[PDB]
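Right, one structure below, let's go through it.
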Amino acid sequence: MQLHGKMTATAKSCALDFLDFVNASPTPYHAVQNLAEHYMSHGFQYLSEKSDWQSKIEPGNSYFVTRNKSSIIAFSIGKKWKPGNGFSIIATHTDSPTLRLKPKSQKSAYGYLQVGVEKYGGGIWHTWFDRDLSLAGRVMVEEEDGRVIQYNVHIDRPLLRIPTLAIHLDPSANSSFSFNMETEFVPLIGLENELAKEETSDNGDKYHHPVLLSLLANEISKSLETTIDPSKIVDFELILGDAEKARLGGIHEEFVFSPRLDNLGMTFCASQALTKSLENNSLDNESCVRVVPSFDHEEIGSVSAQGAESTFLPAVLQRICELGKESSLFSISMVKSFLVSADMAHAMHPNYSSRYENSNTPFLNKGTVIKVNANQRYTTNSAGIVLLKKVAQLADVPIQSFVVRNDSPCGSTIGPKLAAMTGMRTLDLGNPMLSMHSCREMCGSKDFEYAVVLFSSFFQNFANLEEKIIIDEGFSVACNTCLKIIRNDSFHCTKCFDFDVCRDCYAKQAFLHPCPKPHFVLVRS
Amino acid sequence: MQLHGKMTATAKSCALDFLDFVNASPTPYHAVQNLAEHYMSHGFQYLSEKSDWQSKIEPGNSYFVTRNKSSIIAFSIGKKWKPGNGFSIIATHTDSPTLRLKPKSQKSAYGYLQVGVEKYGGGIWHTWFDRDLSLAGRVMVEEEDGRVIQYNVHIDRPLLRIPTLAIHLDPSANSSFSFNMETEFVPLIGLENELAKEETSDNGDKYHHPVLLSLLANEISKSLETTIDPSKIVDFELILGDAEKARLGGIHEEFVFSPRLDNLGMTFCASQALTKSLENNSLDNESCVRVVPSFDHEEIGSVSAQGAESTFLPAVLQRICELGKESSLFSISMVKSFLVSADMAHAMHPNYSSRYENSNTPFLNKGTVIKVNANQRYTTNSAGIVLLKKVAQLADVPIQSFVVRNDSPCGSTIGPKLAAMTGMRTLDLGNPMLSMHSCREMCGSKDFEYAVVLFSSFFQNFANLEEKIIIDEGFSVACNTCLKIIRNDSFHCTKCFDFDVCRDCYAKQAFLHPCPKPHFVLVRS
Amino acid sequence: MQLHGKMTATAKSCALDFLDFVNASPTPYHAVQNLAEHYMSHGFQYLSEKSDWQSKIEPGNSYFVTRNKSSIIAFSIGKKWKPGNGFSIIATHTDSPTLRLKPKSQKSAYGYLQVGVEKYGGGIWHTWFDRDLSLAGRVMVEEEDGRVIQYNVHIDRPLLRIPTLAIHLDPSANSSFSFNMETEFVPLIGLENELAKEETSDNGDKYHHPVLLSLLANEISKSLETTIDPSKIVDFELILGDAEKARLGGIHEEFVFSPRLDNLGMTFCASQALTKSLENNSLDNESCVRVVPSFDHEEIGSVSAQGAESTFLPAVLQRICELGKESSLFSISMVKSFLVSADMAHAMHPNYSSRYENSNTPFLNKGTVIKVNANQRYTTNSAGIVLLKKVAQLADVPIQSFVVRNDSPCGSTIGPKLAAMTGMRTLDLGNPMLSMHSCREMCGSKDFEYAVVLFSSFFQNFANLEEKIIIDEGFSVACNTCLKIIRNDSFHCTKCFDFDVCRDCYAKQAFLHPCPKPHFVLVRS
Ligand SMILES: [Zn+2]
Ligand SMILES: [Zn+2]
Ligand SMILES: [Zn+2]
Ligand SMILES: [Zn+2]
Ligand SMILES: [Zn+2]
Ligand SMILES: [Zn+2]
Ligand SMILES: [Zn+2]
Ligand SMILES: [Zn+2]
Ligand SMILES: [Zn+2]
Ligand SMILES: [Zn+2]
Ligand SMILES: [Zn+2]
Ligand SMILES: [Zn+2]
């Protein structure tokens, strides 16, 4: 694990753990799937929302619930928790701006197979041009008894591309690039001159390309004992993401170049720090409930059945509060609670410095960012700032602040509306980044470790610091296993990229990484 | 109390009581503070929302609850009230369009100290130029044991100013005045050539001017036994308002010239008439609950934790309805209830008559205004109109009506969305005014007394008139003490402005006003 | 007298004396009236211009003359003055941009009483919107024998207002505010629904509102033994000014927020320093004549009977020079004389820094400003600069310099044209300020004391320094009484604002201020 400068071997390892997470999670369906595997690895229990939780949840244990396989709420109940005590909630969203396949996605023009796509969210759509695009999502498959189950599919190869016109044919594109959002924004799946295994149709106008359905059925059948024919695929959501893996960038690997950084970065930080806040025994002394909801559909305004503005968070909080017998315990618990809407913040862009307020704009790798807006697009008030300044004092991490320019529009996060349906005191924070809603996005790499330390300190110290805020009273190489800079020979895996176990861990056989057999060459100094 | 013509000595006294209220309330924090002192003066009890109200509230008494010290809900429960009976609710908002200090508010340019401000709401921003601006808000102060408490601070002096460019330097400003919302809209706090007590920094880039923090700590310490050093100030919301006191204007004092008239006047009218509807004994015969919620954040759309679209009003109404044992009593009580969204209406502007519909536009001092809009930006239907025409018939006050022009946009009030979360029948009314969302605002002075009489009649006669609407069935000088025109010698306070007690009250020693020793000269006729 | 920092207790007292002057002088008629009361308090004698001054003026005494009760020229003749000696002249102007009532000022629209106003000067007219406006001016009153005399009237209350349209009805006003100079710029005096004492006219189309004439007659009759009926009012000039009192602003009270700062600032400084240059005995050794002309109509170009371009200054100077018998003594005296056109200068605006020349732009509270322009809109040459640099060296006050940008227009002051009709060497100076010709204007507070010290030094040392320039040869609390920082207990007047007499002056009974009985509470340290 190469450490170029001021690198501390834990911020890199936390950032490298993010890279494995976001490369395996291109859809909210995959994001929820990867979070829930991490939750059950750390001892969480799945709760069916169809069931009744009166006898299923008890203090001292950790649970998670899932809606539409695309929104997930994980909560850990402290042992000293009574019904009526507050909640420490850190809310993220799993979705990102992208392109979905249309229901009739079959398109063909001039020998080229195209797919008909439709925009999702406010993406920066010129950044999607000339990119290797992968295809991912969930697929409904019929089985022989009539039941239909959901299969998540990842096609990890360059499969689609939206190509630009050449500059010879329109030299005005360098002056200002504009494009029609149908006719010039259609990605290419392949060529139809070479699929002539059968030159018939046998029914007019299939919904999708049969070669696309064959690949979806083949990619599903790789993970099953049986095989799936393409005729049993009923309907799907398919997401186009950037096909290229997220990996560290910069002169000192201080940047993270990644698709879907809009909250895949904070979801990772919120979910990791929920599990990190259970390490020694933070439960058996916790009097609150630590909730991490990772929502869906936040780029279009959360107005859905599983979005943040849905009843998903309030019904889960009421079902936790219905362990007590008094019916007023939900509204009592909300005023003792606190929400952290973890959504990413705008870092300082050096090339566009005029589109920033010059004194309240944060920087990369300088800590997480308290997003403050007077119009309450970000719903941070002073009562939240004092709490999270005390948390940052306890965690010993820096925090920054952000406002927009007054001649600039601001978009609401889920924080204002989650505050409305709960009545819960709240703050909007997030880690700084540049090129938000782009196809490929950039943030700092120290910022992942700073967020996890801050959030785990927020989870562990919420109950003590909540009663101290008085409103409303009466009147150059390290080891991936042990995160330490080594002082001796290094064993370099020639099969991975930057693995580099140490002297002790080489004999300790702790070199588990995605290489089935690694070759460790031993290297001086 | 000078009465120029058709003045009735009670409309002026109600308007003069408003002037004391709005001059002491430049922030929603101060507005809630002044309302709650008026509530506890009239016998209301504070309710902590952290507590359980099953044993704390009983019929025949009056209570108020507060969220974030910036939204307040006061309710009086009638003695004959059962859980399941309706609510008579008059909802206002405490906030106004203004400028907030940024988190990094320190700015300096060319020897001048500036503060970095950020816009709140849709204010008319050219009216803020060349005004004496005061600074007010709430300040979080640390104490020695770590707890942080909220202190409201008022700086009642000309402290800030946004100056225009001189006309010699840009003569085009008279043709059309436009300005950049950062670079030309920065107020001035002072000059830095004369703060040179220490010419160091001792740490790079403090968030605010140290001279500003010294004034905030000094203004706080005036009202405390101890002193506050500026280092213990953690964070604040600071509101810039117009520094100039509200006072009556016009040839006959028929106008009210005031900042923050956007519902400050209705919040005064709704809160006064809630207390005025308890005078003889309106409780001991009341079967409903009279609620006055004064919300926050309504100029940006109420999407907050304490706004109108929050759960603040529905959770309070459910906690009142949870005195009964049946869980369906909340939804039963809503269809027997009625909401009055008291938000100010557009009066007729004589200079801009083309931007008004010539037959449905109200006038100043002609009564409160029923705001009707087909697109339900104002949510008045006919069922509400018949109720409040009957109320105005009982109160003997005039009412008017307002619609917008069809080629004009209309902004939603809190009334439509408070109707949505409650299911409650509702009407949007308010008193007429001109220059809404300006820095200084104008309304009529008789209109304050007309609103209080109408609302107290609405509170006292709701239960009788609610069952009469059938929808959804089966198939020249007066005295400030006694508000009477005197007919004899007048005792004029030479120390106040227009105090003027009478013959009887001079011997009755009832001359309490903000002058520690007044000199009453006796005046013929 | 609160001293926040670097405050010297005399600059504040000079600025507080200005605040009393400008609050009592909203018209040039009131300005001349307040100057002349200050002149006769300091021993000046009134001269009728109808009389002959051959036997009325003698050396060693001070005189003043008045034209149209709106231009005033005060001059002090030294004891050692011979006819033919020079003049030390400091010329200001008494007028400011404002709105005058039309001759047919009665307007009514949609129940509102309006007054028809007409613009005076190049005022920044958007700053007049949403302001409390007072009414002042001179009124011609008939008496029973047919003679008509002039009465100055001040109506010190919010009486008029020009209201803006609300932002809901025209959202484009925030992009660029423009307004028609008749139809949308009509102030409001009151409502006509409540003046129905008589519902007749008795003659078609009276010139003004009868309720306005009743107030003018009532305000006049307050200062007279008899009463005035409104029928005897013949005609008037009535000036709309900002109704709000001038008072110190800023974090350290280093600003002066005031209406009419265009030369009521310099007239105050020129008139005070004329009287301050007589204190010990500056006469009995003075060989020149110290003239302070305060003109009228300078905002429209001084082309009037009492303006600067009139014969008012040259005829007064000739009548002084006609004490000698030689007829050539006037032209001899002009080349030994010097003019100081005291008109206010543009300070540095931090928000509009591009509309300024970055090296020749002065700052607030850094001394008075030598206005230099090549096109002689300001008529300063080098011969004047050397004289007033020597004066500033003697007075020990700083001076600055101003030029306009070359891509910016410049407006002429009275200095170029007063130079033309006299042939007199001259300089244009003034104190720096921002937002010139606004409704409310901002300047520094130390700048008033710096101007008075400079001008009194210019008056006292003119004769010595005029012969040294060789052109054209052969080939925290202080006391208001004693201006000293006190070191002991302070007696705080609870009835005034910031009066605060000291230990010695409390026993000395020297506490004369506008409070008929003050209560002095004694305060530690
Ligand atoms: Zn996002
Ligand atoms: Zn987003
Ligand atoms: Zn490997
Ligand atoms: Zn190791
Ligand atoms: Zn409003
Ligand atoms: Zn509003
Ligand atoms: Zn008084
Ligand atoms: Zn009385
Ligand atoms: Zn001028
Ligand atoms: Zn001027
Ligand atoms: Zn006093
Ligand atoms: Zn004294």
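Ordered as shown in the structure tokens, chains take letters A, B, and onward, while each chain numbers its residues from 1 and ligands are numbered from 1 in the order shown.
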Segment 11-25 of chain A environment, 10 Å, only C-alpha atoms, sequence neighbours closer than 3 positions dropped, as a PyMOL selection string: chain A and resi 1-3+7-8+28-35+38+94+136-137+154+156+243-248+253-261+264-269+272+444-450+452+479-481+483
Please return, as a ChimeraX atom specification, all residues of chain B lying within 6 Å of chain C when only C-alpha atoms are considered. /B:6,109,130,158-159,163-166,176-178,183-184,189-190,194,249-251,350-351,435-436,440
Please produce an output containing N, CA, C and O atoms for each residue in the selection, written as a compact mmCIF listing (two decimals), in the first residue's frame.
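Listing of result18.txt after writing:
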# COMPACT_ATOMS: atom_id res chain seq x y z
N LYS B 6 -62.19 60.19 12.64
CA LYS B 6 -62.83 58.87 12.59
C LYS B 6 -61.92 57.79 13.18
O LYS B 6 -61.50 56.85 12.51
N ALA B 109 -12.61 45.17 2.85
CA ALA B 109 -12.24 45.68 1.53
C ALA B 109 -11.99 47.17 1.65
O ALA B 109 -12.91 47.92 2.00
N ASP B 130 -29.40 51.72 1.45
CA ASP B 130 -29.35 53.01 2.14
C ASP B 130 -30.29 53.06 3.34
O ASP B 130 -30.93 54.07 3.61
N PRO B 158 -28.37 51.90 14.64
CA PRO B 158 -27.92 51.75 13.26
C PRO B 158 -26.53 51.18 13.21
O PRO B 158 -25.56 51.82 13.61
N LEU B 159 -26.43 49.95 12.75
CA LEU B 159 -25.21 49.19 12.89
C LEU B 159 -24.66 48.75 11.55
O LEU B 159 -23.44 48.67 11.38
N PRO B 163 -24.81 50.66 1.13
CA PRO B 163 -24.88 51.94 0.43
C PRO B 163 -24.92 51.78 -1.08
O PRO B 163 -24.31 50.87 -1.64
N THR B 164 -25.65 52.67 -1.73
CA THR B 164 -25.67 52.68 -3.18
C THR B 164 -24.45 53.41 -3.73
O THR B 164 -23.76 54.14 -3.02
N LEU B 165 -24.18 53.19 -5.00
CA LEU B 165 -23.23 54.02 -5.72
C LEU B 165 -23.86 55.38 -5.95
O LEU B 165 -25.08 55.49 -6.12
N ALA B 166 -23.04 56.43 -5.94
CA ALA B 166 -23.53 57.76 -6.25
C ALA B 166 -23.98 57.86 -7.70
O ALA B 166 -23.53 57.10 -8.56
N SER B 176 -32.74 52.17 -14.87
CA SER B 176 -33.10 50.85 -14.35
C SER B 176 -32.04 50.44 -13.35
O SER B 176 -30.86 50.38 -13.70
N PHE B 177 -32.45 50.17 -12.12
CA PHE B 177 -31.51 49.84 -11.06
C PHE B 177 -31.36 48.33 -10.96
O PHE B 177 -32.33 47.63 -10.65
N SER B 178 -30.16 47.84 -11.22
CA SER B 178 -29.84 46.43 -11.05
C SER B 178 -28.51 46.32 -10.32
O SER B 178 -27.67 47.22 -10.40
N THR B 183 -21.62 40.99 -4.97
CA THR B 183 -20.54 41.95 -4.95
C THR B 183 -21.00 43.36 -4.67
O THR B 183 -20.23 44.16 -4.15
N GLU B 184 -22.25 43.67 -4.98
CA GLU B 184 -22.79 45.00 -4.73
C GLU B 184 -23.84 45.03 -3.63
O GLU B 184 -24.45 46.07 -3.42
N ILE B 189 -20.23 47.29 8.29
CA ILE B 189 -20.30 47.34 9.74
C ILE B 189 -19.43 48.45 10.32
O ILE B 189 -19.80 49.06 11.33
N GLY B 190 -18.31 48.77 9.69
CA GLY B 190 -17.48 49.85 10.20
C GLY B 190 -16.19 49.99 9.43
O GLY B 190 -16.05 49.48 8.32
N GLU B 194 -9.50 52.05 12.85
CA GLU B 194 -9.64 52.54 14.21
C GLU B 194 -9.94 51.42 15.20
O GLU B 194 -10.34 51.68 16.34
N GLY B 249 -48.28 56.34 10.29
CA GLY B 249 -48.04 57.31 9.25
C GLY B 249 -49.32 57.73 8.56
O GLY B 249 -50.38 57.14 8.77
N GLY B 250 -49.20 58.76 7.74
CA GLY B 250 -50.34 59.29 7.03
C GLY B 250 -50.80 60.62 7.61
O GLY B 250 -50.33 61.08 8.65
N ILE B 251 -51.74 61.25 6.90
CA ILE B 251 -52.26 62.55 7.30
C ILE B 251 -53.08 62.42 8.57
O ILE B 251 -53.14 63.36 9.38
N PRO B 350 -52.34 52.36 -5.86
CA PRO B 350 -52.88 53.33 -6.82
C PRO B 350 -51.92 53.63 -7.95
O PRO B 350 -52.36 54.02 -9.04
N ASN B 351 -50.64 53.43 -7.73
CA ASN B 351 -49.64 53.69 -8.75
C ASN B 351 -49.43 52.52 -9.68
O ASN B 351 -48.86 52.70 -10.76
N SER B 435 -46.65 46.88 -0.63
CA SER B 435 -45.21 46.60 -0.65
C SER B 435 -44.87 45.41 0.25
O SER B 435 -44.12 45.52 1.21
N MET B 436 -45.44 44.26 -0.09
CA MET B 436 -45.14 43.05 0.65
C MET B 436 -43.73 42.59 0.32
O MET B 436 -43.26 42.76 -0.80
N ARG B 440 -39.40 48.05 4.39
CA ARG B 440 -40.39 48.78 5.17
C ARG B 440 -41.72 48.64 4.47
O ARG B 440 -41.79 48.77 3.24
Can I get the residues close to ligand 1 as a PyMOL selection string, where close means within 6 Å and we count only C-alpha atoms and all ligand atoms? chain A and resi 262-263+343
Any chance you could list, as a PyMOL selection string, the residues in segment 142-367 of chain C that come up alpha helix (DSSP H) when DSSP is run on the backbone? chain C and resi 210-221+261-276+312-321+329-335
How would the residues just chosen look if you wrote them out with N, CA and C atoms as a compact mmCIF listing (two decimals), in the first residue's frame?
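Result written to selection-v1.txt:
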# COMPACT_ATOMS: atom_id res chain seq x y z
N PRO C 210 -57.70 69.68 1.22
CA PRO C 210 -58.05 70.54 2.36
C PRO C 210 -57.56 70.00 3.68
N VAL C 211 -57.38 68.69 3.79
CA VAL C 211 -56.82 68.12 5.00
C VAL C 211 -55.33 68.45 5.11
N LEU C 212 -54.66 68.62 3.97
CA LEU C 212 -53.26 69.02 3.99
C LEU C 212 -53.11 70.48 4.38
N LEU C 213 -54.02 71.33 3.90
CA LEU C 213 -53.98 72.74 4.25
C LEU C 213 -54.34 72.95 5.71
N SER C 214 -55.18 72.07 6.26
CA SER C 214 -55.52 72.16 7.68
C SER C 214 -54.33 71.81 8.55
N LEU C 215 -53.53 70.83 8.12
CA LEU C 215 -52.35 70.47 8.89
C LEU C 215 -51.28 71.55 8.82
N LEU C 216 -51.12 72.16 7.64
CA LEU C 216 -50.16 73.25 7.49
C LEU C 216 -50.56 74.45 8.33
N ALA C 217 -51.85 74.77 8.37
CA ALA C 217 -52.31 75.88 9.19
C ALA C 217 -52.20 75.56 10.67
N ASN C 218 -52.38 74.29 11.03
CA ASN C 218 -52.29 73.92 12.44
C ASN C 218 -50.85 73.90 12.92
N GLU C 219 -49.92 73.49 12.05
CA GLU C 219 -48.52 73.42 12.45
C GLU C 219 -47.92 74.81 12.56
N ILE C 220 -48.37 75.73 11.71
CA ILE C 220 -47.99 77.13 11.83
C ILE C 220 -48.52 77.73 13.13
N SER C 221 -49.78 77.45 13.46
CA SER C 221 -50.43 78.11 14.58
C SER C 221 -49.90 77.62 15.92
N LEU C 261 -27.06 64.89 3.01
CA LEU C 261 -25.66 65.10 3.35
C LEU C 261 -24.92 65.88 2.27
N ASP C 262 -25.53 66.05 1.10
CA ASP C 262 -24.91 66.85 0.04
C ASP C 262 -24.98 68.30 0.48
N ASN C 263 -23.89 68.73 1.11
CA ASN C 263 -23.63 70.10 1.61
C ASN C 263 -24.32 70.68 2.85
N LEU C 264 -24.95 69.84 3.66
CA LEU C 264 -25.53 70.31 4.90
C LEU C 264 -24.45 69.93 5.90
N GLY C 265 -23.58 69.08 5.38
CA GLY C 265 -22.41 68.49 5.99
C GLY C 265 -21.39 69.61 5.90
N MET C 266 -21.12 70.10 4.69
CA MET C 266 -20.09 71.12 4.54
C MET C 266 -20.58 72.47 4.99
N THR C 267 -21.89 72.75 4.87
CA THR C 267 -22.38 74.05 5.35
C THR C 267 -22.21 74.05 6.85
N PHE C 268 -22.53 72.93 7.50
CA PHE C 268 -22.30 72.90 8.93
C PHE C 268 -20.83 73.16 9.25
N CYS C 269 -19.93 72.54 8.49
CA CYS C 269 -18.50 72.70 8.77
C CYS C 269 -18.02 74.10 8.45
N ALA C 270 -18.51 74.69 7.37
CA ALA C 270 -18.07 76.03 7.00
C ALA C 270 -18.61 77.08 7.96
N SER C 271 -19.86 76.91 8.40
CA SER C 271 -20.45 77.91 9.29
C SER C 271 -19.91 77.79 10.70
N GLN C 272 -19.66 76.57 11.17
CA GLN C 272 -19.10 76.40 12.51
C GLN C 272 -17.68 76.93 12.57
N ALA C 273 -16.90 76.71 11.52
CA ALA C 273 -15.51 77.12 11.55
C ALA C 273 -15.36 78.62 11.31
N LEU C 274 -16.37 79.25 10.72
CA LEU C 274 -16.38 80.71 10.68
C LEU C 274 -16.52 81.29 12.07
N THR C 275 -17.40 80.70 12.88
CA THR C 275 -17.55 81.15 14.26
C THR C 275 -16.40 80.66 15.13
N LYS C 276 -15.85 79.49 14.82
CA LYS C 276 -14.70 78.98 15.57
C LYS C 276 -13.44 79.79 15.28
N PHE C 312 -25.42 87.23 -6.29
CA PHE C 312 -25.51 87.35 -4.84
C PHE C 312 -24.13 87.46 -4.20
N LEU C 313 -23.22 86.57 -4.54
CA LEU C 313 -21.85 86.72 -4.05
C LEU C 313 -21.11 87.92 -4.64
N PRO C 314 -21.12 88.20 -5.96
CA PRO C 314 -20.40 89.40 -6.43
C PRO C 314 -20.96 90.73 -5.94
N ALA C 315 -22.27 90.85 -5.73
CA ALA C 315 -22.79 92.14 -5.26
C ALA C 315 -22.44 92.38 -3.81
N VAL C 316 -22.41 91.32 -3.00
CA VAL C 316 -22.02 91.45 -1.60
C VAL C 316 -20.54 91.83 -1.50
N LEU C 317 -19.70 91.22 -2.34
CA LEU C 317 -18.28 91.53 -2.32
C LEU C 317 -18.01 92.94 -2.82
N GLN C 318 -18.79 93.41 -3.79
CA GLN C 318 -18.62 94.79 -4.25
C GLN C 318 -19.09 95.79 -3.20
N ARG C 319 -20.16 95.47 -2.48
CA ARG C 319 -20.66 96.38 -1.46
C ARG C 319 -19.70 96.47 -0.28
N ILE C 320 -18.98 95.38 0.00
CA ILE C 320 -17.91 95.44 0.99
C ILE C 320 -16.75 96.26 0.45
N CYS C 321 -16.41 96.06 -0.82
CA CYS C 321 -15.31 96.80 -1.42
C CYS C 321 -15.67 98.24 -1.74
N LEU C 329 -11.07 98.85 -6.61
CA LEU C 329 -10.65 98.05 -5.47
C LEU C 329 -11.27 96.66 -5.47
N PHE C 330 -12.37 96.47 -6.19
CA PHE C 330 -12.98 95.15 -6.24
C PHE C 330 -12.11 94.18 -7.03
N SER C 331 -11.64 94.61 -8.20
CA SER C 331 -10.82 93.74 -9.03
C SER C 331 -9.44 93.52 -8.42
N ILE C 332 -8.96 94.50 -7.65
CA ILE C 332 -7.71 94.33 -6.92
C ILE C 332 -7.87 93.29 -5.83
N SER C 333 -9.01 93.31 -5.13
CA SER C 333 -9.21 92.41 -4.01
C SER C 333 -9.40 90.97 -4.46
N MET C 334 -9.85 90.75 -5.69
CA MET C 334 -10.13 89.40 -6.15
C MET C 334 -8.86 88.60 -6.38
N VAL C 335 -7.80 89.25 -6.85
CA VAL C 335 -6.58 88.50 -7.11
C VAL C 335 -5.79 88.25 -5.83
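Computed from the coordinates, the atom CA of residue 198 of chain C to atom CA of residue 107 of chain C distance equals 18.0 Å.
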